[PDB]
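S.K.: Quick one: the structure is below, and I'll ask about it shortly.
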Amino acid sequence: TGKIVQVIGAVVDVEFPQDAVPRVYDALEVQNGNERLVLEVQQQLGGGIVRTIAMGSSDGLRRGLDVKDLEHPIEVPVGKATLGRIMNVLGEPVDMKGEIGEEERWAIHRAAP
Amino acid sequence: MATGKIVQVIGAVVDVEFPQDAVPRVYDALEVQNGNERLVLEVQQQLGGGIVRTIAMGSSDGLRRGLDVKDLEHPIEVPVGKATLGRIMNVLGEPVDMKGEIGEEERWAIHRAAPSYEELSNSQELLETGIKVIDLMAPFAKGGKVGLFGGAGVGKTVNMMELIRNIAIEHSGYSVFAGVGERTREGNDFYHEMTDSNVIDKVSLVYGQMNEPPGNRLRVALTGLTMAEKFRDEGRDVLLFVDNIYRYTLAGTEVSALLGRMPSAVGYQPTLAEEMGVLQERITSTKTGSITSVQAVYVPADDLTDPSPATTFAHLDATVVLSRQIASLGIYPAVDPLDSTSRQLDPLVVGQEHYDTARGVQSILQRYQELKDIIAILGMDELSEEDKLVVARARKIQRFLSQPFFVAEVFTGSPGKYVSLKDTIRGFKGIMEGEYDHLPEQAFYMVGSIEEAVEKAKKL
Amino acid sequence: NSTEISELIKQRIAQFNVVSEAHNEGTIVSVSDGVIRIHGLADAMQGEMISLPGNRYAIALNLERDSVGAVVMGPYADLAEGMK
Amino acid sequence: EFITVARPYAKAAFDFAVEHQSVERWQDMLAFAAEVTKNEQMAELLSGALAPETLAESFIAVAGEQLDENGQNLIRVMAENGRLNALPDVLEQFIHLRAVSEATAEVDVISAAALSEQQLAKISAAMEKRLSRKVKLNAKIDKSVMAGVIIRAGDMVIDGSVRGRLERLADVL
Ligand SMILES: Nc1ncnc2c1ncn2[C@@H]1O[C@H](COP(=O)(O)OP(=O)(O)O)[C@@H](O)[C@H]1O
Ligand SMILES: [Mg+2]
């Protein structure tokens, strides 16, 4: 629904419709060539433009690429499943074993007790 | 009628827009109703089309964009004359002592030019004070500027209270006290002390304290100068005490950046030198009358290298440099005899004897400072016997500089001492000539004249 | 055609039914790191408490021309543009 | 104040008006846009945080009597960068540019009394000869002059009022 308007190193500016702007820590997904990249919102600027941080390599990103707005923050597997394995920032498995068989995923932005 | 509207309120700085005809000029005053509170604004810049940028002489809270502003076509004007004597006032010349109206006959604008070069009057009329080290190392004349330099807690306020007691009471003329950025408690204590001593009838008090917004702290010194200059133009001899020049400069610094200025070397405003000069060149003794002024100067981090003390050094006849080192060692007042000087310390202006005595004291103490680390690391007995004699005389001399004050009696539990200048010269001459070589070091500590030194030596 | 053209502009703007912000109301136009920018809100004092959606409140510290800069007192990740 | 912002857009507009032989039309169209800029409720919309394209369309909608080349494109390009308030400045810039190309000077005069046509004609020719332009005098009858006349040609001015001579002699004294 949205489009990239600026690419400055690790941060990316994305434009959304005036009535469909994502929340302050929502996650976006973009197709960088044949591979998918995840962006995390940081600031809501004026006019429906939001600043985001790239959870991956930023090279190869043309401006004018379309993005998908996921309606939840970055969520990772938790519990007994994530107990003998190596994992990425986005909760993906890093060891060459199979998928993590989790029953539950938690958003990484939570409140202190 | 009202003629302007507020368009910006950033912190303590307010912008007002007016019709492009009859725009207020610089240093004018403006008025706006901050709710029920009458609030005064002072114009600082004419910028853009019809817009002036101003500083609030009060709390900026409660202001809305779009409020009407009325432009008074004069600067901030304050009462001047006998009616200001015995009254406390704020920066705007409004009473804060709850005794009622000032009742003034005339009001004067606080922004005015300095005397022309040919108006200046030369003077060498030495004042005498009870403090030994000040009269010895830095005597000063009637009609001149005095500055007490010091870091935090080194004795500026106590020395200024002592000097008020010693000078003002013998002085028969009116006096002005400008409490620029003072602690509220110490202002109240000063007021009550003067009220008890019955000298409040010849002093005018202007107080702008720490809690007030930057404009008040910026312009209160000019208010004080305006009152002092009224007395000077009447022909009288005036005593002007300023509590801290430092926070005048600091009140400038706080608002400088908000006015659109680019910052200077140590974060100061680019206009530090000119802002100091315009204020301090008005404090002069002209041919019609004389102002004698004592100023307390804060020294940030106890470092005399900072631009503020550095520039204010170049404006003073006599500079008494207090040091935190001597205060920490317990010698009171903490005057540094090597750094303190006065331009009246001439063999022509003072007695030739007086000049030689001062020069000898300074030479001896300078010779001690170089030996300090030598002795500290290598040992006392490495010295020659002549060097050990010099060390003895140096320590005795450095004790004789100390003194109890009447106003420093609450802190220590001892009476106060006043020493005449002749006695001071006689005592230091005797010490240097060795007439008291045989007395111990404490026989000179915290005493008055040298006769009192020998009396305490007998008691010892 | 000064009067005629100004009247023409007025009638088209009125027929378009665009309208000013009501005084003491405004809209959030930027949210960033616990600091928000608000359009409108003419009758806003410095240091005033402005009510956000929810029971959250914000302190209006900076009154710029055509903008009010406010600080959120609490969590701010729930706010967005278009909020009255 | 944004004179320097107006200079690029004004140069584009004027350079385009002589490519299409409609300077006289372009000047009044710019006046039309300035009058749009002056409206109160439109000014509030401009102060809002609308996106440039939708804001530009809301602005275009109140200015339908504009050409495709002139209005719909210049308004939107200025809206992309939010320089719509420069339209009032662009108008004055455009007038000055035109006066430069047409070799004209809007010389202004002030007098203590109304001038005869022969006097005004001599002044017109004399300034056409002092300058190298077709002058266009305009007069105002102000008693502050006391007598004599003022002649202003932009930055340059020539003062023949007796008040000026009076205070000049006062400054010589
Ligand atoms: N002559 C003195 N005798 C005794 N105590 C002193 C003397 N001078 C300074 N002090 C002590 O040091 C404190 C700090 O100095 P003071 O003058 O009060 O503040 P400042 O030096 O910062 O103006 C005094 O309140 C007092 O406790
Ligand atoms: Mg002090």
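Residue numbers start at 1 in each chain; chains themselves are named A, B, ... in the order of the structure tokens; ligands are numbered from 1 in the order shown.
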Can you pull out every residue from chain C that DSSP, working from the backbone, puts in helix (DSSP H, G or I), and format the result as an mmCIF file with C-alpha atoms, in the first residue's frame?
M.R.:
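Result saved to result.cif:
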data_model
loop_
_atom_site.group_PDB
_atom_site.id
_atom_site.type_symbol
_atom_site.label_atom_id
_atom_site.label_comp_id
_atom_site.auth_asym_id
_atom_site.auth_seq_id
_atom_site.Cartn_x
_atom_site.Cartn_y
_atom_site.Cartn_z
ATOM 1 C CA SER C 2 -10.677 42.998 -6.178
ATOM 2 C CA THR C 3 -14.057 42.818 -4.439
ATOM 3 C CA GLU C 4 -15.585 40.548 -7.097
ATOM 4 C CA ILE C 5 -12.682 38.088 -7.054
ATOM 5 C CA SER C 6 -12.439 38.015 -3.257
ATOM 6 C CA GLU C 7 -16.177 37.288 -3.116
ATOM 7 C CA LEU C 8 -15.695 34.552 -5.715
ATOM 8 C CA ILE C 9 -12.985 32.965 -3.556
ATOM 9 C CA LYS C 10 -15.186 33.234 -0.470
ATOM 10 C CA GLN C 11 -18.173 31.577 -2.136
ATOM 11 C CA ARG C 12 -16.145 28.710 -3.579
ATOM 12 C CA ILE C 13 -14.390 28.106 -0.232
ATOM 13 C CA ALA C 14 -17.728 28.158 1.602
ATOM 14 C CA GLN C 15 -19.311 25.860 -0.990
ATOM 15 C CA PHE C 16 -16.307 23.545 -0.570
#
S.K.: Could you give me, as a ChimeraX atom specification, the residues within 12 Å of residue 63 of chain C, counting only C-alpha atoms and dropping anything in the same chain fewer than 2 positions from it?
M.R.: /B:6-15,60-66 /C:37-48,59-61,65-70
S.K.: Could you list, as number ranges by chain, all the residues within 9 Å of ligand 1, counting only C-alpha atoms and all ligand atoms?
M.R.: B: 150-162, 243, 296-298, 322, 327, 330-334, 402-412
S.K.: Let me see the file: selected residues, C-alpha atoms, as a PDB file, in the first residue's frame.
M.R.:
ATOM      1  CA  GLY B 150      36.668  34.668  44.136  1.00  0.00           C
ATOM      2  CA  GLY B 151      35.368  31.154  43.609  1.00  0.00           C
ATOM      3  CA  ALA B 152      32.464  29.535  45.401  1.00  0.00           C
ATOM      4  CA  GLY B 153      32.512  30.046  49.156  1.00  0.00           C
ATOM      5  CA  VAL B 154      35.833  31.910  49.432  1.00  0.00           C
ATOM      6  CA  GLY B 155      34.549  34.971  51.301  1.00  0.00           C
ATOM      7  CA  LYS B 156      33.095  37.475  48.835  1.00  0.00           C
ATOM      8  CA  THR B 157      29.891  38.191  50.768  1.00  0.00           C
ATOM      9  CA  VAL B 158      31.568  38.358  54.190  1.00  0.00           C
ATOM     10  CA  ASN B 159      34.202  40.778  52.885  1.00  0.00           C
ATOM     11  CA  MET B 160      31.533  42.926  51.249  1.00  0.00           C
ATOM     12  CA  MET B 161      29.524  43.075  54.490  1.00  0.00           C
ATOM     13  CA  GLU B 162      32.686  44.062  56.375  1.00  0.00           C
ATOM     14  CA  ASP B 243      26.536  41.613  44.482  1.00  0.00           C
ATOM     15  CA  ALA B 296      31.855  40.950  43.963  1.00  0.00           C
ATOM     16  CA  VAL B 297      33.091  38.831  41.049  1.00  0.00           C
ATOM     17  CA  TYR B 298      32.424  35.101  40.849  1.00  0.00           C
ATOM     18  CA  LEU B 322      40.586  35.733  47.025  1.00  0.00           C
ATOM     19  CA  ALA B 327      40.420  29.597  52.408  1.00  0.00           C
ATOM     20  CA  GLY B 330      41.892  28.338  57.099  1.00  0.00           C
ATOM     21  CA  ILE B 331      43.404  31.816  56.617  1.00  0.00           C
ATOM     22  CA  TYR B 332      40.693  34.469  56.645  1.00  0.00           C
ATOM     23  CA  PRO B 333      40.289  36.643  54.623  1.00  0.00           C
ATOM     24  CA  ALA B 334      41.619  34.355  51.885  1.00  0.00           C
ATOM     25  CA  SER B 402      44.720  37.201  58.752  1.00  0.00           C
ATOM     26  CA  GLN B 403      42.079  39.130  60.692  1.00  0.00           C
ATOM     27  CA  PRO B 404      38.814  38.646  62.612  1.00  0.00           C
ATOM     28  CA  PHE B 405      35.832  40.625  61.328  1.00  0.00           C
ATOM     29  CA  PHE B 406      32.843  41.980  63.227  1.00  0.00           C
ATOM     30  CA  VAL B 407      30.588  40.360  60.603  1.00  0.00           C
ATOM     31  CA  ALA B 408      32.595  37.103  60.716  1.00  0.00           C
ATOM     32  CA  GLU B 409      32.001  36.832  64.467  1.00  0.00           C
ATOM     33  CA  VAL B 410      29.055  34.421  64.187  1.00  0.00           C
ATOM     34  CA  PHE B 411      31.158  31.824  62.334  1.00  0.00           C
ATOM     35  CA  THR B 412      34.162  31.709  64.677  1.00  0.00           C
TER      36      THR B 412
END
S.K.: Using DSSP secondary structure from the backbone, list all strand (DSSP E) positions within chain C, as a PyMOL selection string.
M.R.: chain C and resi 26-32+35-40+49-51+57-64+67-72
S.K.: May I have the residues from that selection written out with N, CA and C atoms, as a PDB file, in the first residue's frame?
M.R.:
ATOM      1  N   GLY C  26      -7.235  20.854  18.310  1.00  0.00           N
ATOM      2  CA  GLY C  26      -6.181  20.708  17.325  1.00  0.00           C
ATOM      3  C   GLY C  26      -6.006  19.255  16.938  1.00  0.00           C
ATOM      4  N   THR C  27      -5.036  19.016  16.056  1.00  0.00           N
ATOM      5  CA  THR C  27      -4.741  17.680  15.556  1.00  0.00           C
ATOM      6  C   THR C  27      -3.249  17.401  15.660  1.00  0.00           C
ATOM      7  N   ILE C  28      -2.909  16.168  16.036  1.00  0.00           N
ATOM      8  CA  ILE C  28      -1.514  15.744  16.047  1.00  0.00           C
ATOM      9  C   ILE C  28      -1.032  15.572  14.615  1.00  0.00           C
ATOM     10  N   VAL C  29       0.149  16.114  14.318  1.00  0.00           N
ATOM     11  CA  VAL C  29       0.720  16.052  12.981  1.00  0.00           C
ATOM     12  C   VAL C  29       2.096  15.405  12.957  1.00  0.00           C
ATOM     13  N   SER C  30       2.640  15.021  14.112  1.00  0.00           N
ATOM     14  CA  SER C  30       3.913  14.314  14.175  1.00  0.00           C
ATOM     15  C   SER C  30       4.097  13.748  15.575  1.00  0.00           C
ATOM     16  N   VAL C  31       4.574  12.506  15.646  1.00  0.00           N
ATOM     17  CA  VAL C  31       4.895  11.839  16.904  1.00  0.00           C
ATOM     18  C   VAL C  31       6.301  11.271  16.788  1.00  0.00           C
ATOM     19  N   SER C  32       7.158  11.585  17.757  1.00  0.00           N
ATOM     20  CA  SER C  32       8.548  11.135  17.696  1.00  0.00           C
ATOM     21  C   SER C  32       9.167  11.176  19.083  1.00  0.00           C
ATOM     22  N   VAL C  35       7.765  13.163  21.937  1.00  0.00           N
ATOM     23  CA  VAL C  35       7.494  14.565  21.652  1.00  0.00           C
ATOM     24  C   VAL C  35       6.557  14.630  20.454  1.00  0.00           C
ATOM     25  N   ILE C  36       5.504  15.436  20.564  1.00  0.00           N
ATOM     26  CA  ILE C  36       4.477  15.526  19.535  1.00  0.00           C
ATOM     27  C   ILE C  36       4.335  16.969  19.073  1.00  0.00           C
ATOM     28  N   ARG C  37       3.973  17.127  17.802  1.00  0.00           N
ATOM     29  CA  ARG C  37       3.683  18.423  17.204  1.00  0.00           C
ATOM     30  C   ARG C  37       2.205  18.479  16.850  1.00  0.00           C
ATOM     31  N   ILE C  38       1.560  19.596  17.174  1.00  0.00           N
ATOM     32  CA  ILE C  38       0.114  19.740  17.049  1.00  0.00           C
ATOM     33  C   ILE C  38      -0.191  20.957  16.189  1.00  0.00           C
ATOM     34  N   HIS C  39      -1.077  20.778  15.212  1.00  0.00           N
ATOM     35  CA  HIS C  39      -1.561  21.876  14.388  1.00  0.00           C
ATOM     36  C   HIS C  39      -2.844  22.445  14.978  1.00  0.00           C
ATOM     37  N   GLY C  40      -2.997  23.763  14.876  1.00  0.00           N
ATOM     38  CA  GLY C  40      -4.154  24.434  15.436  1.00  0.00           C
ATOM     39  C   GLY C  40      -3.936  24.813  16.886  1.00  0.00           C
ATOM     40  N   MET C  49      -1.826  21.948  30.155  1.00  0.00           N
ATOM     41  CA  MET C  49      -2.040  20.516  29.992  1.00  0.00           C
ATOM     42  C   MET C  49      -3.078  20.303  28.900  1.00  0.00           C
ATOM     43  N   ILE C  50      -2.705  19.559  27.864  1.00  0.00           N
ATOM     44  CA  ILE C  50      -3.586  19.265  26.742  1.00  0.00           C
ATOM     45  C   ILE C  50      -3.970  17.792  26.804  1.00  0.00           C
ATOM     46  N   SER C  51      -5.261  17.516  26.643  1.00  0.00           N
ATOM     47  CA  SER C  51      -5.779  16.163  26.789  1.00  0.00           C
ATOM     48  C   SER C  51      -5.639  15.406  25.474  1.00  0.00           C
ATOM     49  N   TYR C  57      -2.129  12.829  29.172  1.00  0.00           N
ATOM     50  CA  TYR C  57      -2.040  14.278  29.081  1.00  0.00           C
ATOM     51  C   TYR C  57      -0.658  14.665  28.575  1.00  0.00           C
ATOM     52  N   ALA C  58      -0.578  15.833  27.941  1.00  0.00           N
ATOM     53  CA  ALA C  58       0.673  16.330  27.390  1.00  0.00           C
ATOM     54  C   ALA C  58       0.889  17.776  27.810  1.00  0.00           C
ATOM     55  N   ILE C  59       2.156  18.137  27.991  1.00  0.00           N
ATOM     56  CA  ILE C  59       2.550  19.479  28.405  1.00  0.00           C
ATOM     57  C   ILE C  59       2.969  20.259  27.168  1.00  0.00           C
ATOM     58  N   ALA C  60       2.296  21.378  26.913  1.00  0.00           N
ATOM     59  CA  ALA C  60       2.632  22.245  25.786  1.00  0.00           C
ATOM     60  C   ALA C  60       3.744  23.191  26.223  1.00  0.00           C
ATOM     61  N   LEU C  61       4.968  22.922  25.770  1.00  0.00           N
ATOM     62  CA  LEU C  61       6.133  23.699  26.175  1.00  0.00           C
ATOM     63  C   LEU C  61       6.549  24.758  25.165  1.00  0.00           C
ATOM     64  N   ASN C  62       6.317  24.534  23.875  1.00  0.00           N
ATOM     65  CA  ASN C  62       6.815  25.422  22.832  1.00  0.00           C
ATOM     66  C   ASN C  62       5.655  25.860  21.951  1.00  0.00           C
ATOM     67  N   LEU C  63       5.444  27.170  21.861  1.00  0.00           N
ATOM     68  CA  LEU C  63       4.383  27.760  21.047  1.00  0.00           C
ATOM     69  C   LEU C  63       5.029  28.434  19.839  1.00  0.00           C
ATOM     70  N   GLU C  64       5.244  27.653  18.785  1.00  0.00           N
ATOM     71  CA  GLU C  64       5.723  28.195  17.526  1.00  0.00           C
ATOM     72  C   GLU C  64       4.560  28.784  16.734  1.00  0.00           C
ATOM     73  N   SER C  67       2.342  25.929  14.895  1.00  0.00           N
ATOM     74  CA  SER C  67       2.641  24.633  15.495  1.00  0.00           C
ATOM     75  C   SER C  67       2.794  24.768  17.003  1.00  0.00           C
ATOM     76  N   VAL C  68       2.386  23.718  17.716  1.00  0.00           N
ATOM     77  CA  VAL C  68       2.574  23.602  19.157  1.00  0.00           C
ATOM     78  C   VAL C  68       3.387  22.344  19.429  1.00  0.00           C
ATOM     79  N   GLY C  69       4.485  22.495  20.167  1.00  0.00           N
ATOM     80  CA  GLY C  69       5.326  21.381  20.540  1.00  0.00           C
ATOM     81  C   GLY C  69       5.048  20.954  21.966  1.00  0.00           C
ATOM     82  N   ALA C  70       4.679  19.686  22.132  1.00  0.00           N
ATOM     83  CA  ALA C  70       4.251  19.170  23.422  1.00  0.00           C
ATOM     84  C   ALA C  70       4.999  17.888  23.763  1.00  0.00           C
ATOM     85  N   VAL C  71       5.072  17.604  25.061  1.00  0.00           N
ATOM     86  CA  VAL C  71       5.745  16.424  25.591  1.00  0.00           C
ATOM     87  C   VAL C  71       4.698  15.512  26.214  1.00  0.00           C
ATOM     88  N   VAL C  72       4.768  14.224  25.890  1.00  0.00           N
ATOM     89  CA  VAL C  72       3.808  13.250  26.400  1.00  0.00           C
ATOM     90  C   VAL C  72       4.249  12.784  27.781  1.00  0.00           C
TER      91      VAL C  72
END
S.K.: Mind checking which residues fall within 10 Å of residue 273 of chain B, counting only C-alpha atoms, ignoring those fewer than 6 positions away in the same chain, and posting them as an MDAnalysis selection string?
M.R.: chainID B and resid 249 307:308 311:312
S.K.: Print the selection's residues with N, CA, C and O atoms to a file, as a short mmCIF file (atom, residue, chain, number, x, y, z; two decimals), in the first residue's frame.
M.R.:
data_model
loop_
_atom_site.label_atom_id
_atom_site.label_comp_id
_atom_site.auth_asym_id
_atom_site.auth_seq_id
_atom_site.Cartn_x
_atom_site.Cartn_y
_atom_site.Cartn_z
N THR B 249 26.24 38.88 33.36
CA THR B 249 26.71 38.24 32.13
C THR B 249 25.98 36.92 31.87
O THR B 249 25.66 36.58 30.72
N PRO B 307 36.75 33.78 30.47
CA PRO B 307 36.59 35.11 29.86
C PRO B 307 35.92 36.15 30.75
O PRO B 307 36.28 37.33 30.65
N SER B 308 34.96 35.77 31.59
CA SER B 308 34.27 36.76 32.41
C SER B 308 35.19 37.43 33.43
O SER B 308 35.32 38.67 33.41
N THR B 311 37.89 39.55 31.51
CA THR B 311 37.51 40.86 31.00
C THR B 311 37.23 41.84 32.13
O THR B 311 37.54 43.04 32.00
N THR B 312 36.67 41.37 33.25
CA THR B 312 36.38 42.34 34.31
C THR B 312 37.63 42.77 35.07
O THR B 312 37.59 43.79 35.77
#
S.K.: Specify as number ranges by chain all residues of chain D found within 10 Å of chain C, counting only C-alpha atoms.
M.R.: D: 31-32, 35-36, 38-50, 58-59, 61-63
S.K.: Neighbours of segment 128-133 of chain D within 6 Å (only C-alpha atoms; same-chain residues fewer than 3 positions away dropped), as a list in words?
M.R.: residues 103, 104 and 125 of chain D
S.K.: Could you write those residues out with C-alpha atoms, as an mmCIF file, in the first residue's frame?
M.R.:
data_model
loop_
_atom_site.group_PDB
_atom_site.id
_atom_site.type_symbol
_atom_site.label_atom_id
_atom_site.label_comp_id
_atom_site.auth_asym_id
_atom_site.auth_seq_id
_atom_site.Cartn_x
_atom_site.Cartn_y
_atom_site.Cartn_z
ATOM 1 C CA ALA D 103 13.242 49.470 -20.847
ATOM 2 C CA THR D 104 10.887 51.264 -18.466
ATOM 3 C CA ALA D 125 11.753 63.824 -20.928
#
S.K.: Could the residues of chain A within 9 Å of chain D, counting only C-alpha atoms, be given as a short mmCIF file (atom, residue, chain, number, x, y, z; two decimals) with N, CA, C and O atoms, in the first residue's frame, please?
M.R.:
data_model
loop_
_atom_site.label_atom_id
_atom_site.label_comp_id
_atom_site.auth_asym_id
_atom_site.auth_seq_id
_atom_site.Cartn_x
_atom_site.Cartn_y
_atom_site.Cartn_z
N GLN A 18 -3.03 9.00 4.10
CA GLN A 18 -3.27 9.84 5.27
C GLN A 18 -4.10 9.12 6.33
O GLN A 18 -4.04 9.47 7.51
N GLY A 46 5.08 14.34 9.40
CA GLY A 46 3.86 14.90 8.86
C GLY A 46 3.51 14.36 7.49
O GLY A 46 4.36 13.90 6.73
N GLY A 47 2.21 14.40 7.18
CA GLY A 47 1.74 14.00 5.87
C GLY A 47 1.76 12.52 5.59
O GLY A 47 1.75 12.12 4.42
N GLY A 48 1.77 11.68 6.62
CA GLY A 48 1.73 10.25 6.43
C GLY A 48 3.05 9.59 6.12
O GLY A 48 3.06 8.42 5.71
#
S.K.: Looking at only C-alpha atoms, which of A:100, A:67, A:78, A:45 is the one that sits closest to chain C?
M.R.: A:45
S.K.: How many Å lie between atom CA of residue 293 of chain B and atom CA of residue 131 of chain B, rounded to one decimal?
M.R.: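 Between atom CA of residue 293 of chain B and atom CA of residue 131 of chain B the gap is 17.3 Å.
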S.K.: How many Å separate atom CA of residue 199 of chain B from atom CA of residue 179 of chain B?
M.R.: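 Spanning atom CA of residue 199 of chain B to atom CA of residue 179 of chain B is a straight-line distance of 17.3 Å.
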S.K.: Counting only C-alpha atoms, which residues of chain B come no farther than 12 Å from chain D, as a ChimeraX atom specification?
M.R.: /B:47-51
S.K.: Would you save the residues of that selection, restricted to N, CA, C and O atoms, as a short mmCIF file (atom, residue, chain, number, x, y, z; two decimals), in the first residue's frame?
M.R.:
data_model
loop_
_atom_site.label_atom_id
_atom_site.label_comp_id
_atom_site.auth_asym_id
_atom_site.auth_seq_id
_atom_site.Cartn_x
_atom_site.Cartn_y
_atom_site.Cartn_z
N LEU B 47 13.21 42.86 13.70
CA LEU B 47 13.56 41.86 12.71
C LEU B 47 12.36 41.53 11.84
O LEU B 47 11.24 41.39 12.34
N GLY B 48 12.60 41.41 10.54
CA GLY B 48 11.52 41.10 9.62
C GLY B 48 10.58 42.28 9.43
O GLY B 48 10.82 43.41 9.88
N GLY B 49 9.48 42.00 8.75
CA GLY B 49 8.49 43.02 8.48
C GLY B 49 7.46 43.17 9.58
O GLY B 49 6.52 42.38 9.68
N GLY B 50 7.64 44.19 10.42
CA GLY B 50 6.68 44.51 11.45
C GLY B 50 6.79 43.70 12.73
O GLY B 50 5.96 43.89 13.62
N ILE B 51 7.79 42.83 12.85
CA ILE B 51 7.92 41.93 13.99
C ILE B 51 9.08 42.40 14.86
O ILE B 51 10.13 42.80 14.35
#
S.K.: Rank B:67, B:18, B:144, B:317 by their smallest atom-to-atom distance to chain C, using only C-alpha atoms, and report the top residue only.
M.R.: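 Using only C-alpha atoms, chain C sits closest to B:67.
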S.K.: Suppose you want the space between atom CA of residue 299 of chain B and atom CA of residue 178 of chain B; what is it in Å?
M.R.: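 Rounded to one decimal, the two atoms are 19.2 Å apart.
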S.K.: Excluding same-chain residues fewer than 6 positions from segment 80-85 of chain A, what lies within 12 Å of it counting only C-alpha atoms, as a list in words?
M.R.: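 Returned residues: residues 91, 92, 93, 94, 95, 96, 97, 98, 99, 100, 101, 102, 103, 104 and 105 of chain A.
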S.K.: Which residues are near residue 25 of chain B? Cut-off 12 Å, only C-alpha atoms, ignore same chain within fewer than 6 positions. Put them as a PyMOL selection string.
M.R.: chain B and resi 18+42-47+50-54+71-75
S.K.: Mind writing the picked residues with N, CA and C atoms as a compact mmCIF listing (two decimals), in the first residue's frame?
M.R.:
# COMPACT_ATOMS: atom_id res chain seq x y z
N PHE B 18 3.46 43.83 14.75
CA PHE B 18 2.84 45.14 14.72
C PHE B 18 2.59 45.55 13.28
N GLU B 42 10.32 43.75 27.00
CA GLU B 42 11.33 44.69 26.53
C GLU B 42 11.79 44.29 25.13
N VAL B 43 11.72 45.24 24.20
CA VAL B 43 12.09 44.98 22.81
C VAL B 43 13.60 44.87 22.71
N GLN B 44 14.07 43.81 22.04
CA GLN B 44 15.49 43.57 21.87
C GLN B 44 15.95 43.61 20.42
N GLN B 45 15.09 43.25 19.47
CA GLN B 45 15.47 43.23 18.06
C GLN B 45 14.29 43.67 17.21
N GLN B 46 14.58 44.52 16.22
CA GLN B 46 13.65 44.79 15.13
C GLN B 46 14.05 43.86 13.99
N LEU B 47 13.21 42.86 13.70
CA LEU B 47 13.56 41.86 12.71
C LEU B 47 12.36 41.53 11.84
N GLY B 50 7.64 44.19 10.42
CA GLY B 50 6.68 44.51 11.45
C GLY B 50 6.79 43.70 12.73
N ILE B 51 7.79 42.83 12.85
CA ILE B 51 7.92 41.93 13.99
C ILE B 51 9.08 42.40 14.86
N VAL B 52 8.88 42.36 16.18
CA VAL B 52 9.92 42.64 17.15
C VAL B 52 10.03 41.45 18.09
N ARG B 53 11.26 41.10 18.47
CA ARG B 53 11.51 40.00 19.39
C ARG B 53 11.94 40.55 20.74
N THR B 54 11.29 40.07 21.80
CA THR B 54 11.32 40.71 23.10
C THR B 54 11.62 39.69 24.20
N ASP B 71 2.08 49.06 23.10
CA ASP B 71 3.46 49.53 23.02
C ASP B 71 3.59 50.87 23.74
N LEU B 72 4.25 50.85 24.90
CA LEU B 72 4.65 52.09 25.55
C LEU B 72 5.84 52.68 24.81
N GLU B 73 5.77 53.97 24.48
CA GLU B 73 6.83 54.61 23.70
C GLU B 73 7.88 55.25 24.61
N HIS B 74 8.44 54.42 25.49
CA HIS B 74 9.60 54.78 26.28
C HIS B 74 10.26 53.50 26.78
N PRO B 75 11.53 53.56 27.18
CA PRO B 75 12.16 52.39 27.79
C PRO B 75 11.61 52.12 29.18
S.K.: Which residues, written as a ChimeraX atom specification, have at least one atom at most 12 Å from residue 346 of chain B, with only C-alpha atoms counted and residues fewer than 3 positions away on the same chain left out?
M.R.: /B:124,126,136-140,341-343,349-359
S.K.: Closest to chain C among B:36, B:59, B:442, B:116, using only C-alpha atoms?
M.R.: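 Of the candidates, the smallest distance to chain C is held by B:59.
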